[PDB]
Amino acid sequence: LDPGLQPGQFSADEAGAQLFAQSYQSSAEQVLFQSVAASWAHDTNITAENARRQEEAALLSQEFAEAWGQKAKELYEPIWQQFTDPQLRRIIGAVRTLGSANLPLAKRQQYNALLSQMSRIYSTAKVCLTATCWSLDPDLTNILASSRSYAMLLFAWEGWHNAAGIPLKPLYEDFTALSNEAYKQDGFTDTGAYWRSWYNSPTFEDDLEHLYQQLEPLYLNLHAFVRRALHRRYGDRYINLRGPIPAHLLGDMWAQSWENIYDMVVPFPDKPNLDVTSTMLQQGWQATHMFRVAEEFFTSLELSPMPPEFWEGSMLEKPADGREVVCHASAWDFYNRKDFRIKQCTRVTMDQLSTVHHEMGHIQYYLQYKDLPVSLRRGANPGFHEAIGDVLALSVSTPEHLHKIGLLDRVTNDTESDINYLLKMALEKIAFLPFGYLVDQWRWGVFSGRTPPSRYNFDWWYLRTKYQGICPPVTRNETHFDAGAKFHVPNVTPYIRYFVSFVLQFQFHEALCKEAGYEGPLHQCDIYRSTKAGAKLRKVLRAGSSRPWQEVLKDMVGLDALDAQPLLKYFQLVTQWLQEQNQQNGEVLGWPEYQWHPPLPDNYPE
């Protein structure tokens, strides 16, 4: 470790811990920057030489975390929990958590190599037909989204899950063992326990289950309504009106957002078309425009614009040279208080416009708390970070706002239009809830040992059927590793944050609309240009993790806990409507024929 990066000596009292944290921040910013930079060089230009540089940067970070983690223990183990400065208690608590730095050198290198190899496998996988080969983004994504051929959709779904999942399984087994070994030395029973501890709630899993119980009826009714719509297009042979939906027919590779099948379920097509993708294309929208439109919403709230370093450094389009990239959208903080970037293979679609807002929500957070101690530069909890951009997109998606930005010529305020809009939003927000919930249930079982490698896929599809009510369109077995075909698994990114975010964003929305002075239906609110709403939001963003999220939340929404009532209130109209339609259509809610799988096409795969 560079001598300038090594910890000195500090008094074993709170006054010395303050200087300890100051010296830590100075050195930590340099170690974080070089690490994030090396990750950026790889993810924007996947080469072996850049992967090698990234693994060495990870080794340096582990060396740094070991020297400062063990110094923080030696000096402050019996007294840090009693410090008067609460932000300083949080800094020390983070520094003394070594994570992968608890591993011996050899296993550190194994650990860093696995993460690198797993990331490279996921982002370089292809579905070859043998020279012609399709990538996940854009090729397979567009097939899942715009194709209505059961066989073509099946080819892409099966192709992707086989190409990405199968080679990942042996690596994911080794990573899980090393991850658990590392965090067991921090005092956690397994890695999942460490991940859950970020929410500082002894009742976390019970609170999540109680939230999902309130939301499940909404998903069940949407599920039955969409399944009926698919049955009218695909027939009785490929859709079982009392069974799960084949997982490749919902517009998305993971059946996690159903927006792409809106055209098949829109109840009142005579009303304005809320899918403005065709208009964006007709008008000539490009990537940089989508980001400028997103930025302009943020500045309308008196939040910060994107700095020059963002526009000069960001990758907002898939490179057209001979570069392999990680196309999965992401927002980057380089921890130097200057460089902030988004990496996204942006496509001109309505859903991609929301993704742009989601990612810029991260950047805005980074910009607002960049002056806090490096350890406090994160969300109050990870769900907060995932909710910022989505709250703004809830206003952007309103028919009235789409009209203002020239994407919707006719604006109507009638009940039929309300149902159209709320159904479209439900295809995106309600359909996701089961998936956002189940991913880390699977990963928690893997970390705990409940789910050994011999049951990776068995338990994955138990949960997919249990919560989402979908089924694989081809037979699967334990050679397949379908969980690994989802970006966040090989990239080791927790997922429960997204379930928290989809509930939280409606709490934020309700509070910001109240703050803005809006007194109409919650789903028609648009906080555009509300400096008051911006001031309330800014207060959350500038807090970082300096304060417990329960208190940050109460200051914002008046409640110190996640609550599903705002989401239910947002959707009340279409919730009632979907129940009426399903009753009138004699639908069966749920999938009692849980064992059913669709047959294979007669001409498959040829």
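Rigid core here is just the name for the largest C-alpha set that superposes within 1.5 Å across the two forms. Residue positions are given as counts along the sequence shown, with the first one as 1.
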{"item": "Of 484-492 and 78-86, which departs more from this form in 6 other deposited structures of this protein by CA RMS after core fitting", "value": "78-86"}
{"item": "Between stretches 317-325 and 98-106, more displaced by Cα RMS in 6 other deposited structures of this protein (rigid core superposition)", "value": "317-325"}
{"item": "At least a third of other PDB entries omit residue 193", "value": "no"}
{"item": "Coordinates absent for residue 130 in a third or more of other entries", "value": "yes"}
{"item": "Deposited residues omitted from coordinates between residue 129 and residue 130, as a class", "value": "1 to 3"}
{"item": "Greater mean Cα temperature factor according to the PDB record, 440-448 or 232-240", "value": "232-240"}
{"item": "Residue range whose averaged C-alpha B-factor is higher in the record, 65-73 or 566-574", "value": "65-73"}
{"item": "Given 190, 158, 85, 295, the residue at which the Cα B factor reaches its maximum", "value": "85"}
{"item": "Per the PDB entry, maximal CA B factor within 398, 531, 81, 454", "value": "81"}
{"item": "Where the record places residue 365 (Cα B-factor, split into thirds across the chain)", "value": "lowest"}
{"item": "CA B-factor ranking of residue 591, expressed as a third of its chain", "value": "lowest"}
{"item": "Ranked C-alpha temperature factor of residue 350 among modelled chain residues, by third", "value": "middle"}
{"item": "Relative C-alpha B-factor of residue 38, binned into the chain's lowest, middle or highest third", "value": "middle"}
{"item": "Lowest, middle or highest third - CA B-factor, residue 171", "value": "lowest"}
